[PDB]
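Enquirer: Before I ask anything, here is the structure I am working with.
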Amino acid sequence: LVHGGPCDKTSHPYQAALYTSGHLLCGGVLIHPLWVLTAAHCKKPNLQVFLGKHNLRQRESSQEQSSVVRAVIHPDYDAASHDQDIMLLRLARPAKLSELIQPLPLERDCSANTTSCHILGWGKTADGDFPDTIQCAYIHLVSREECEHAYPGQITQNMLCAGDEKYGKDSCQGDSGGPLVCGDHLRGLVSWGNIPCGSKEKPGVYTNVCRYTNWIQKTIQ
Ligand SMILES: [Mg+2]
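Here the sequence shown stands for residues 16 to 36, 38 to 67, 69 to 125, 127 to 130, 132 to 147, 150 to 186, 186A to 186B, 187 to 203, 208 to 220, 220A, 221 to 243, numbered as in PDB author numbering.
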């Protein structure tokens, strides 16, 4: 995440870190004791899920690890256009909850008017390096008209744009699958966007979570 800053230690209990080959690959969102929601492009064999993490370089009393017993990628995910970039990860066992490990409710209403949101992750920062401490940044949802104007012919109904015209705060490589939180509900998942990262002109594009309430519900059931 570029142009942001370190998150408060107790503000991201729903944040999951996804690892493979010993390195962080993506972020994810705990939406149920047995399920972590993330981006479909975070699919890799032998994913490791870490909950209750804040600083990657410090062993934290609240961190819990888990293996993935099953990964459900959206049947219509398209890795070229990024359409339907969503995947559900079933944990070996239900997550143990506490102040630092909690699920995040999904935004079911696509017309929700809460525009001031925030993103977070351990992805690449402005200096081009990967932080040990998770980063946070507040951004705003951008109208679909402006979204489509920035990315003509590349935005589908399954995508939502968000960015920061002042500092260009934006998600980046490594933040993929992480949450776009609006009004205490999950509004989107880090999917793709401008490269180099920065959202002043080209806003970040997120998976439109409100569109998948039925699919997720049916999958967890
Ligand atoms: Mg298709």
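The C-beta atom is built at its ideal place from N, Cα and C for all residues, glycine as well.
1. Specify, as a first and last residue, the run of the beta strand (DSSP E) that residue 54 falls within.
2. How would you call residue 103, buried or exposed, if buried means at least 16 neighbouring beta carbons within 10 angstroms?
3. Using a 10 Å radius around the Cβ and a threshold of 16 neighbouring Cβ atoms, would you call residue 156 buried or exposed?
4. Is residue 90 helix, strand or coil when you go by DSSP?
5. Using 7 Å as the cut-off, classify the Cβ of residue 203 as near or not near the heavy atoms of ligand 1, replying yes or no.
6. Look at residue 50 and residue 122 and say whether their C-beta atoms are less than 8 Å apart.
7. Between which residues of its own chain and residue 24 is the CB-CB distance below 7 Å, once the five residues before and five after are set aside?
8. In whole angstroms, what separates the C-alpha of residue 75 from that of residue 234?
9. Any chance the region 173-182 sits against the region 190-198, with 3 or more Cβ pairs inside 8 Å?
10. For residue 243, name the three-state secondary structure that DSSP assigns.
11. So, are the CB atoms of residue 101 and residue 179 less than 8 Å apart?
12. Report the partner residues of residue 157 according to the DSSP bridge assignment.
13. If I follow the unbroken beta strand (DSSP E) through residue 208, where does it start and stop?
14. The alpha helix (DSSP H) spanning residue 165 covers which residue range?
15. Whose beta carbon lies closer than 7 Å to any heavy atom of ligand 1, going through the chain in order?
16. Please report the distance separating the alpha-carbon of residue 61 from that of residue 183.
17. Give the straight-line distance between the Cα atoms of residue 226 and residue 86, rounded to the nearest whole angstrom.
18. Grab me the residues of residue 241's own chain with a C-beta within less than 6 Å of its C-beta, minus the 5 sequence neighbours each way, in chain order.
19. Should residue 136 and residue 99 be called a contact, given that it needs their Cβ atoms to be closer than 8 Å?
Expert: This is what the structure gives:
1. 51-54
2. buried
3. buried
4. strand
5. no
6. no
7. 71
8. 35 Å
9. no
10. coil
11. yes
12. 20 and 139
13. 208-215
14. 165-171
15. 93, 95 and 100
16. 30 Å
17. 31 Å
18. 89 and 105
19. no
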